[PDB]
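Here's a solo chain for you in structure tokens, the form deposited in one PDB entry.
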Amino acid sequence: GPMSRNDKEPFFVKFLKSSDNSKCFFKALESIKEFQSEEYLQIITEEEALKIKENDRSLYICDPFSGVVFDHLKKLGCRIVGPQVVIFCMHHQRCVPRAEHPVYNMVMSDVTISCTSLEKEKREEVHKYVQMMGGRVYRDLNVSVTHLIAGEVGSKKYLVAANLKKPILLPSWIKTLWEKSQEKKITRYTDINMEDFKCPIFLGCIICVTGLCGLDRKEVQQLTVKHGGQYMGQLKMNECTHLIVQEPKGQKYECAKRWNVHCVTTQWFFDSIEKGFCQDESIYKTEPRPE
């Protein structure tokens, strides 16, 4: 586990006395010494830290993960962790994770995420937070993944995740985890309720209807809104994503099909609710035959 007891050869652990270092800082130092020889325990100042112009392969402890000294070390790509990692790792009697990337804390220690349907700036931001809270991130999906982060429903990854019955959650989960982390309201990712960040079955879906009786039309209006979708009374290009229609006839249907709008039966809508995720549209095309 921890360094005196770690299977790996001894390395130098170097705390950074910023004066910007918090109480967690001193707590980390006291608790680390129980498994580390004072000799392999150094303390560095900003000037000393800037003197280091290469990757020392030593473990650096910095709070905050910002400033001239942190940017510098990280630019070299040296192992860096926050005081909370130390505390968590000593206390739990486990070795500190190799810091491929700086790790601030272990709030998301046991979590492995992958992303789908997100702005490039968002995904990037989501990766940064997760890695800083001790999580893993797989570009592609696999069984190891514990949680999928989605901005909308529908993508191929979304459907795979959904078939494997894995949690599909909003980026707000990550944001909220990091906020309550800094505010010291949270210690583990299991602290906040995950359900509250569940991705709506119809998130991103703007649904229109045609050819349906008033009862079924109302029902899909009610249910669309209730499952995070947007309902529209009138089909409009560049807006509607789904046109529920039983037959491949009528001016609306032809317009949607031309606009690359999903034309599906009511079965798509209802199976989606029954199954707990946005079903695959291909399985439900209004016009089954290629042609």
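For every residue, the number given is its place in the sequence shown, counted from 1.
Keep in mind that the form deposited with a partner chain bound is not shown, yet the notes after this line are about it.
Of the residues 235, 245, 69, 59, just one reaches the partner chain in the entry with it bound with a heavy atom at 4.5 Å or closer; this is 235.
Checked against the partner chain in the entry with it bound, the residues 136, 180, 217, 123 give one hit for a heavy atom within 4.5 Å, which is 217. Proximity to the partner chain in the entry with it bound, taken as heavy atoms within 4.5 Å, picks out 248 to 256 from the listed stretches 45 to 53, 262 to 270, 59 to 67, 248 to 256. Contact between residue 231 and the partner chain in the entry with it bound is found at the 4.5 Å heavy atom cutoff. Treated as two rigid bodies moving between the shown form and the other one, the chain carries residue 86 and residue 194 on a single body.
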